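Visitor:
There are 4 protein chains.
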Amino acid sequence: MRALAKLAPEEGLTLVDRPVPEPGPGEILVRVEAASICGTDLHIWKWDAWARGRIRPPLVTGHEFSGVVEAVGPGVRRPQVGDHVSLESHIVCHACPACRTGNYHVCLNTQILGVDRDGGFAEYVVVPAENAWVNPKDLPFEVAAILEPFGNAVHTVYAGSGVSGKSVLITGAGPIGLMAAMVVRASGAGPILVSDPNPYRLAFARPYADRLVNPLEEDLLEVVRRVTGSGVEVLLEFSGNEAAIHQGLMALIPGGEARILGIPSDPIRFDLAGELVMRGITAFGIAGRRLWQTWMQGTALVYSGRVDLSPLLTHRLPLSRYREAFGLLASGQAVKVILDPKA
Amino acid sequence: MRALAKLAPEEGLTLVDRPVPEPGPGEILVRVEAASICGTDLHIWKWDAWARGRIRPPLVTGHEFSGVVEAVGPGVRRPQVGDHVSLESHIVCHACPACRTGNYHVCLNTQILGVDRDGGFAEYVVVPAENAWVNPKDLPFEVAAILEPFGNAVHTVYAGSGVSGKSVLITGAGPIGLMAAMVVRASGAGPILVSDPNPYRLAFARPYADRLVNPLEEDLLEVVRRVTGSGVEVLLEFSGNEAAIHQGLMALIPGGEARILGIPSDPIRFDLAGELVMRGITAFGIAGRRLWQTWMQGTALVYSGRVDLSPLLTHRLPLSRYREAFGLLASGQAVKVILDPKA
Amino acid sequence: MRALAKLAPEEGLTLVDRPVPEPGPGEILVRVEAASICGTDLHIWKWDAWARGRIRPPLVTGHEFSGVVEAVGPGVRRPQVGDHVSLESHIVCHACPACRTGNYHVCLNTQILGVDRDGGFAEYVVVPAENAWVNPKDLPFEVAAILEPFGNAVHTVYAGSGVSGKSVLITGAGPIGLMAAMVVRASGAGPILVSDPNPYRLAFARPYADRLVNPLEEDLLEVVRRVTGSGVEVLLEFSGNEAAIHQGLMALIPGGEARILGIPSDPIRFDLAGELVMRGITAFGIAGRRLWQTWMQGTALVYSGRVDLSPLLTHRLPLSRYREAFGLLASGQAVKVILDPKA
Amino acid sequence: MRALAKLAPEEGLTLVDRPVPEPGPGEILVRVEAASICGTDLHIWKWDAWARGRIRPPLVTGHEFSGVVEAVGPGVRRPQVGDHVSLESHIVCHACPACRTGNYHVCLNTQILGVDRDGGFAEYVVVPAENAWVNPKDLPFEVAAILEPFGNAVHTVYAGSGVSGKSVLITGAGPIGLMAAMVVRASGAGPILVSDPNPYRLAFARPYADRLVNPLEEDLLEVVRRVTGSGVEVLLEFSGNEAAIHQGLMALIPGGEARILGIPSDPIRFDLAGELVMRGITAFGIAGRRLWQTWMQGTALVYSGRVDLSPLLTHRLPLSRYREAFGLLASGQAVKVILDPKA
Ligand SMILES: [Zn+2]
Ligand SMILES: [Zn+2]
Ligand SMILES: [Zn+2]
Ligand SMILES: [Zn+2]
Ligand SMILES: [Zn+2]
Ligand SMILES: [Zn+2]
Ligand SMILES: [Zn+2]
Ligand SMILES: [Zn+2]
């Protein structure tokens with residue numbers, strides 16, 4: 001089969017041919033129909049600091065994908081051959097304290113498909129049977145392929161007190177932030193403010209947000225004061241940019257909540273007293289997807305039509321042309337790019 | 001000044017002339033621009049048991065109204081003359097276990113506007129300044145007049161775990177239940193099911209629900225099963241109808257939540273163990289509006305446009321044609337009737 | 001081995017000799033060191049209505065027990081041979097909506113050890129590997145044997161808003177109610193009131209409760225008003241007695257919580273409006289133990305010494321003398337009776 | 001009347017004579033029976049930056065006091081002459097986003113007793129009637145005097161998911177952290193770990209903690225590991241010490257909660273991604289006392305006897321010997337110092 005791999009400790013990826021993996025007990029073989037690309041994949045590709053401390057070549061990458069269950073291992077009762085599925089990238093241990101608590105999304109021994117073991121940028125991939133989420137047969141694979149990143153948005157948005165009937169500020173219009181914009185709008189947030197310095201990304205958030213802000217042309221804190229009268233009740237942070245983080249926290253009203261998915265590249269200077277403790281703020285560290293309630297909430301929204309992810313699918317390319325694909329992503333000229341492993 | 005009052009211990013109300021009242025300390029004088037009527041007012045109309053043991057004539061009725069701050073009492077600094085406001089009907093004592101605990105919606109010393117003291121079915125009314133909710137000048141008074149009953153819906157929907165990304169069954173398509181349908185739809189619930197025997201009421205929910213059900217014509221359970229695959233996660237009960245209550249609980253998946261606003265006219269037969277305990281169901285008794293939180297969530301929905309309450313106002317009549325307003329009520333025909341105290 | 005069984009659709013149980021069960025994939029063989037008896041077992045014994053609709057002879061009963069892992073099935077990584085364990089009686093399916101939600105305690109396909117399949121009133125018993133909770137080797141088996149019923153108390157007490165710094169009323173001094181009395185006292189509840197008509201049971205609650213009440217000699221509602229000044233914030237109901245339920249709910253303050261574990265023998269007449277909806281009460285149906293957080297909280301309390309269950313172990317008898325054992329229980333002359341299968 | 005005041009922009013305080021103030025509308029006149037001092041008072045004492053940008057002489061300091069209602073203002077009906085009361089130092093505006101939302105503890109217009117206006121370091125003080133908490137006549141005034149700072153602890157412990165049945169690490173054994181230790185012990189936490197370099201402070205917690213740790217002498221992490229098997233579920237931070245903050249977060253299991261009352265004197269270096277985001281940690285900024293809830297939980301603990309605050313009062317000095325009280329403070333020696341304004 002065809003597969004995109006990182007064969008050595010350097011830049012780029014390579015198209016190779018590998019035998020079809022085989023599912024043993026508790027596993028299933030999945031025929032990949034669509035897969036997507038995100039920041040993690042871009043770290044691997046550029047072979048930067050992050051990638052260097054986490055990746056161990058050889059590795060077939062790809063952690064955002066959907067396909068059909070082509071085979072199951074001995075004893076696997078579910079899913080079943082023929083089922084259409086989306087995949088949870090985190091493989092949890094079930095033998096640590098986080099798992100005991102039900103906090104699977106932060107399992108101490110978390111292993112990630114396409115990062116720690118072979119992923120979905122291939123025609124076939126073997127994953128744990130418990131990691132498969134069966135979708136309605138009419139759900140387009142393309143959309144099914146991006147439920148994983150969508151989950152991140154969902155998790156962030158519904159963490160804490162949620163967003164229904166509350167003012168919200170989203171800092172970062174990257175793909176997950178655009179997705180969170182769709183979710184807060186379909187959840188009854190209002191007013192909704194989305195802030196991002198890149199025009200191309202902001203635009204994508206226009207049909208959902210009530211006010212778009214380019215922190216580099218308007219004083220975010222002041223637009224917020226004029227839109228709400230003071231501050232927002234909720235801050236959803238997806239960029240990791242330190243100045244946005246500080247601005248965003250200053251934007252919260254006392255007693256508010258900041259939910260943080262964004263990963264800053266370096267430690268930040270933080271005024272614990274001023275930005276959190278003294279104003280009674282609660283900061284939520286968001287990681288992964290809550291195992292099963294995040295998937296339940298998110299697929300509920302998509303299956304029923306409360307949200308429509310389609311406009312986020314800016315490009316479709318055969319896996320063969322992966323280079324053009326990463327290029328588009330890397331340049332900010334795309335939101336969700338789909339790769340087809342059959343071509 | 002024209003006012004509509006219950007002058008003696010009997011059915012009906014009487015159109016009267018009273019001098020314009022004056023606000024003392026801590027009070028304001030509202031020039032009412034719009035009022036609405038609901039079941040409570042009906043109880044007072046027909047002078048039934050309830051009214052009998054509660055109303056003390058002479059009394060200007062009405063608790064659902066909006067208007068303008070004509071003048072304030074000495075030392076009152078909020079709201080201000082010229083402010084457009086809606087009224088919270090519950091006047092809380094601030095001196096009971098319920099208020100201390102922050103459960104003002106259930107103050108044991110609750111004094112209701114229009115039942116225990118003069119209400120808004122008049123050109124002017126004096127009320128506690130703390131009961132006034134200031135609205136943007138551009139919100140129609142007609143809509144502002146129904147924010148109180150809308151709050152009841154809001155309170156029921158956001159109670160417990162909310163409804164975002166969840167399957168919801170709403171029993172009762174009367175005015176409040178209908179507002180609930182608008183809210184759960186704008187809050188991202190899905191699938192959304194609404195059940196009520198009256199096809200008139202049920203049709204108002206078509207643009208908000210995913211599935212409409214007349215339980216007298218279809219098996220509600222079998223329909224819930226076909227739409228969700230089993231049960232709903234949330235039950236929102238507005239009818240107080242015993243059969244609907246029993247059926248709704250059965251449609252709830254184990255571990256789900258039932259939030260009850262509906263008041264049955266008589267005790268029900270309840271299999272505590274089978275309908276609640278053994279299935280791990282939690283039942284929420286909803287009453288009033290959480291003081292200020294319910295108003296914040298609801299008005300945010302309205303102000304931002306997440307929900308549009310216009311479709312619920314079927315009739316606007318002059319206060320002097322009240323005989324007909326109370327008839328529409330007792331009959332069913334309308335959803336929410338507005339009364340114009342200036343005519 | 002020795003085992004206590006229900007061999008036919010009638011009263012009583014029978015001592016028999018059966019081969020030692022064998023653990024297959026995903027299972028473990030447990031050598032039982034101690035087991036206890038409760039109401040469920042008494043239903044089976046008396047072969048009453050309940051038992052008749054649930055039991056299917058032949059059945060080795062016993063669902064409250066602890067022992068040592070004597071053997072594990074092929075592939076079972078944990079627990080391990082030699083481990084000391086307590087057992088969760090509920091065997092969950094992992095393929096229903098409750099399980100999906102994490103509400104394992106109300107799994108639609110729940111199977112119960114000692115009720116639906118052979119239990120612990122035997123020298124040996126095979127249970128699912130995932131149902132074993134490993135205890136510190138120095139925890140006395142006797143105490144380990146009663147962690148299952150303890151969990152019920154724990155679940156009830158920590159459901160909702162918990163009990164820390166709140167007035168609590170416990171109706172029912174049966175064994176789980178006494179256990180809940182120990183837990184609310186070790187949790188910072190205050191004042192704590194325990195009410196039960198049986199003197200022998202009340203007494204057991206004296207070192208934990210702040211006020212003991214015999215509803216049949218004092219007006220429960222009035223003692224409560226004098227102890228708190230109005231009502232309690234939390235009601236923990238363990239009896240299922242209808243008058244206690246009504247009394248208890250009347251005892252709650254508006255906005256309070258009632259957590260119900262008690263199973264009434266017959267439907268009750270319930271004034272939905274008066275007892276729940278109008279006073280903003282929230283009723284929690286408690287079933288089983290939350291899979292893992294209930295066990296985490298409860299074993300934490302026991303391992304650290306925050307609670308000491310020992311005084312509840314009123315009797316110890318070899319399994320051979322099971323009849324005297326059930327007799328004591330049936331007569332209200334005991335709290336937790338331990339049966340030893342080795343004799 | 002004797003009072004202790006900051007009369008000019010400099011260090012120190014001055015013992016003075018003022019006429020007994022009179023309560024206007026909505027106010028009461030408290031005859032102070034006991035007052036206490038904390039770090040804030042110290043800031044005012046040494047007149048540092050903080051005090052500099054906040055205090056406006058002439059000002060009678062003190063915010064931790066208890067006393068008797070000597071007389072009430074016209075029309076004040078609660079509390080009453082003769083009532084023993086404690087004072088909430090925060091005077092809230094009831095006109096900001098924070099108050100509307102019910103987050104009075106963080107009112108943007110908070111006016112503090114003894115910092116923005118006359119306090120209790122005097123024989124008499126006039127305060128808003130709504131700030132008085134009525135105590136049972138038999139509670140010692142000395143203990144009643146420290147309910148305010150105790151509330152800070154209470155608020156920190158019960159924030160988030162509470163602590164019952166959970167493993168807890170408390171960093172900082174100063175007065176508040178020590179009160180926190182008493183509360184978490186009385187609330188059923190276990191194992192309970194308390195870390196602080198000062199062996200004087202640490203010894204006060206011996207009767208409440210399960211494990212005492214001097215982090216300068218032992219590796220806090222390795223100790224937490226040996227006591228829990230991994231990490232603690234809850235982190236309660238009271239020191240504001242950057243090193244303790246970083247170490248405590250590391251000791252928290254993934255998905256745990258950190259509740260921070262501690263105010264660092266300077267911004268910290270914070271690895272947002274590593275210490276919060278990637279581990280799914282939630283950090284709670286705790287400030288003040290939740291208005292009325294914190295007081296209800298705390299006083300219930302005290303009134304019922306779940307906690308005994310007596311051990312925390314090391315010294316009781318006449319107000320006139322304040323020079324020494326402020327010395328004990330700045331030095332460490334004592335826990336809580338009481339000042340008797342009648343001498
Ligand atoms: Zn991704
Ligand atoms: Zn794990
Ligand atoms: Zn109404
Ligand atoms: Zn009240
Ligand atoms: Zn049992
Ligand atoms: Zn199940
Ligand atoms: Zn202080
Ligand atoms: Zn305020």
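Chains B, A, B' and A' are the protein sequences, given in the same order. A prime marks a further copy of an entry chain. The first sequence begins at 1 in the entry's author numbering and counts up by one. The second sequence begins at 1 in the entry's author numbering and counts up by one. The third sequence begins at 1 in the entry's author numbering and counts up by one. The fourth sequence begins at 1 in the entry's author numbering and counts up by one. Beta carbons: idealized from backbone N, C-alpha and C, even for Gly.
Looking at C-beta atoms only, is the number of pairs between the region 61-73 of chain B' and the region 109-122 of chain B' that lie closer than 8 Å three or more?
Guide: Flag = yes, the region 61-73 of chain B' and the region 109-122 of chain B' touch.
Visitor: Give me, in chain order, the residues of the same chain whose beta-carbon lies closer than 7 Å to that of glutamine 111(B'); leave out the 5 immediate sequence neighbours on both sides.
Guide: Taking the third sequence and counting its residues from 1, the one referred to as residue 111(B') is at position 111. Excluding positions up to five away in sequence, the list reads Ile91 and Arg117.
Visitor: Taking the C-alpha atoms as reference points, what is the distance between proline 136(B) and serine 304(B)?
Guide: The sequence position of residue 136(B) within the first sequence is 136, counting from 1. The sequence position of residue 304(B) within the first sequence is 304, counting from 1. Spanning the two alpha carbons is a distance of roughly 11 Å.
Visitor: Taking contact to mean at least 3 C-beta pairs separated by less than 8 Å, is the region 181-189 of chain B in contact with the region 208-215 of chain B?
Guide: Judged by Cβ distances under 8 Å, the region 181-189 of chain B makes contact with the region 208-215 of chain B, as three or more pairs qualify.
Visitor: Starting from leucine 313(A'), follow the alpha helix (DSSP H) in both directions and report where the run begins and ends.
Guide: If you number the fourth sequence from 1, residue 313(A') lands on position 313. Counting along the chain, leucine 313(A') falls outside any alpha helix (DSSP H), though it belongs to the beta strand (DSSP E) covering 313-318.
Visitor: So which of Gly229(B), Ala189(B), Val227(B) and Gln247(B) has the shortest CA-CA distance to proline 215(B)?
Guide: Residue numbering aside, residue 215(B) sits at position 215 when the first sequence is read from its first letter. Comparing Cα positions, the closest option is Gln247(B).
Visitor: Could you tell me the alpha carbon to alpha carbon distance between residue 349(B') and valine 76(B'), rounded to whole angstroms?
Guide: With chain B' represented from 1 up to 343, any question about residue 349(B') goes unanswered, as that position is not in the structure.
Visitor: Should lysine 166(A') be flagged as near chain B', meaning a C-beta pair shorter than 8 Å?
Guide: Residue numbering aside, residue 166(A') sits at position 166 when the fourth sequence is read from its first letter. With 8 Å as the cut-off, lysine 166(A') counts as an interface residue toward chain B'.
Visitor: Can you give me the start and stop residues for the beta strand (DSSP E) that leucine 4(A') sits inside?
Guide: As a position in the fourth sequence, residue 4(A') is number 4, starting the count at 1. Unbroken beta strand (DSSP E) run through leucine 4(A'): 2-6.
Visitor: For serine 66(B), which residues does DSSP report across the bridge?
Guide: Sequence index remark: in the first sequence, residue 66(B) carries index 66 (1-based). The partner list for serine 66(B) (beta bridge, DSSP) reads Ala34(B) and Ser86(B).
Visitor: With DSSP as the reference, label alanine 132(B) as helix, strand or coil.
Guide: The count along the first sequence starts at 1 and reaches residue 132(B) at position 132. Reduced to three states, the DSSP call for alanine 132(B) is strand.
Visitor: Can you have a look at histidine 84(A) and say buried or exposed, based on whether 16 or more other CB atoms are within 10 angstroms of its CB?
Guide: Reading the second sequence from its first residue, position 84 is the one you call residue 84(A). By the 10 Å Cβ count, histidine 84(A) comes out buried.
Visitor: Figure out for me which residue from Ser331(A), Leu59(A) and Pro318(A) has the closest Cα to the Cα of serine 36(A).
Guide: Residue mapping note: residue 36(A) aligns to position 36 of the second sequence, counting from 1. Cα-wise, what sits closest to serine 36(A) is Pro318(A).
Visitor: With a floor of 3 residues, list each beta strand (DSSP E) that falls wholly inside the region 119-187 of chain A, ordered by position along the chain.
Guide: Qualifying beta strand (DSSP E) stretches, in chain order: 124-128, 132-135 and 168-171.
Visitor: Compare the Cα-Cα distances from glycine 162(A) to each of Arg259(A), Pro9(A) and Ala49(A) and report the closest residue.
Guide: Mapped onto the second sequence, residue 162(A) falls at position 162. Ranking the options by Cα distance to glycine 162(A), first place goes to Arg259(A).
Visitor: Judging by CA-CA distance, which residue of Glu10(A'), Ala51(A') and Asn103(A') is the nearest neighbour of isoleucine 286(A')?
Guide: By one-based count along the fourth sequence, residue 286(A') stands at place 286. Ranking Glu10(A'), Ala51(A') and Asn103(A') by Cα distance to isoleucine 286(A') puts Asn103(A') first.
Visitor: Spatial neighbours of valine 224(B) within its chain, please: C-beta separation below 7 Å, excluding the five flanking residues on both sides.
Guide: Locating residue 224(B) in the first sequence gives position 224, counting from the first residue. Counting only Cβ-Cβ distances below 7 Å, and skipping sequence neighbours, we find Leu169, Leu193, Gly231, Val232 and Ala251.
Visitor: Looking at the strands, I want to know which residues DSSP matches up with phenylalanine 284(B').
Guide: What you label residue 284(B') is simply residue 284 of the third sequence in a count that begins at 1. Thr282(A) and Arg259(B'), per the DSSP bridge assignment.
Visitor: Nearest CA to the CA of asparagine 241(A'): which residue from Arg279(A'), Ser195(A'), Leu328(A') and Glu222(A')?
Guide: By one-based count along the fourth sequence, residue 241(A') stands at place 241. It is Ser195(A') whose Cα lies nearest to the Cα of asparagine 241(A').
Visitor: First and last residue of the beta strand (DSSP E) that includes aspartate 41(B)?
Guide: Start at 1 with the first residue of the first sequence, and residue 41(B) comes out as number 41. Careful: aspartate 41(B) lies outside any beta strand (DSSP E), inside the alpha helix (DSSP H) at 39-46.
Visitor: Please compile the residues from chain A' whose C-beta is within a distance smaller than 7 Å of the C-beta of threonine 294(A).
Guide: The residue labelled residue 294(A) in the question sits at position 294 within the second sequence. The premise fails here: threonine 294(A) is roughly 11 Å from chain A' at the closest Cβ pair, so nothing lies under 7 Å.
Visitor: Return the residue from the list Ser86(A), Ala243(A), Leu221(A) and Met179(A) that minimises the CA-CA distance to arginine 201(A).
Guide: Numbered from its first residue, the second sequence carries residue 201(A) at position 201. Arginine 201(A) has its Cα closest to that of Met179(A), out of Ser86(A), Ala243(A), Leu221(A) and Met179(A).
Visitor: Between which two residues does the alpha helix (DSSP H) holding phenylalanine 238(B) run?
Guide: Within the first sequence, the letter at position 238 stands for residue 238(B). Element bounds for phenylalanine 238(B): n/a, residue is neither H nor E.
Visitor: Below 7 Å CB to CB, which residues in the same chain sit around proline 191(A) once its five sequence neighbours on both sides are set aside?
Guide: Taking the second sequence and counting its residues from 1, the one referred to as residue 191(A) is at position 191. The answer, listed in chain order, is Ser167, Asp210, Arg211, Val227 and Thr228.
Visitor: Counting pairs of beta carbons, one from the region 319-338 of chain B and one from the region 40-59 of chain B, are three or more of them closer than 8 Å?
Guide: Flag = yes, the region 319-338 of chain B and the region 40-59 of chain B touch.
Visitor: Could you tell me if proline 23(B') is buried or exposed, where buried requires 16 or more neighbouring beta carbons within 10 angstroms of its beta carbon?
Guide: Counting from one through the third sequence, the residue named residue 23(B') turns up at place 23. It counts as buried.
Visitor: Which class does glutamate 27(A') belong to by DSSP, given the choice of helix, strand or coil?
Guide: The residue given as residue 27(A') occupies position 27 in the fourth sequence. DSSP places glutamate 27(A') in strand when its eight states are reduced to three.
Visitor: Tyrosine 322(A) and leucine 7(A) - do their beta-carbons sit closer together than 8 Å?
Guide: To locate residue 7(A), count along the second sequence from 1; it is residue 7. To locate residue 322(A), count along the second sequence from 1; it is residue 322. Contact: no.
Visitor: Going by C-alpha distance, which of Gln80(B), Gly288(B), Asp271(B) and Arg290(B) is nearest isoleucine 281(B)?
Guide: Counting from one through the first sequence, the residue named residue 281(B) turns up at place 281. Ranking the options by Cα distance to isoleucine 281(B), first place goes to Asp271(B).
Visitor: How would you call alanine 203(B'), buried or exposed, if buried means at least 16 neighbouring beta carbons within 10 angstroms?
Guide: The sequence position of residue 203(B') within the third sequence is 203, counting from 1. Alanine 203(B') comes out exposed.
Visitor: Specify which residues have a beta carbon nearer than 6 Å to any heavy atom of ligand 3, listing them in chain order.
Guide: Cβ atoms closer than 6 Å to ligand 3 belong to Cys38(A), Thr40(A), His63(A), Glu64(A) and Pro149(A).
Visitor: Please find out if some non-hydrogen atom of ligand 8 comes closer than 7 Å to the beta-carbon of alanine 98(A').
Guide: Indexing the fourth sequence from 1 puts residue 98(A') at position 98. Answer for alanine 98(A'): yes, Cβ within range of ligand 8.
Visitor: Cutting at 7 Å between CB atoms, please list the residues of its own chain near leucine 276(B), excluding the five before and the five after it.
Guide: For the purposes of this step, residue 276(B) is taken as the residue at position 276 of the first sequence. Around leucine 276(B): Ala283.
Visitor: Can the beta-carbon of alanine 5(A') be found less than 8 Å from the beta-carbon of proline 74(A')?
Guide: In the fourth sequence, residue 5(A') corresponds to position 5, counting from 1. In the fourth sequence, residue 74(A') corresponds to position 74, counting from 1. Not in contact: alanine 5(A') and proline 74(A') (Cβ atoms no closer than 8 Å).
Visitor: Would a check of beta-carbon distances place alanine 300(A) closer than 8 Å to chain B?
Guide: Here residue 300(A) is taken as the residue at index 300 of the second sequence, counted from 1. Yes - at least one Cβ of chain B is within 8 Å of the one on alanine 300(A).
Visitor: Are the CB atoms of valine 335(B) and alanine 325(B) nearer to each other than 8 Å?
Guide: Residue 335(B) sits at position 335 when you count from the first residue of the first sequence. Residue 325(B) sits at position 325 when you count from the first residue of the first sequence. No, these two residues do not count as a Cβ contact at 8 Å.
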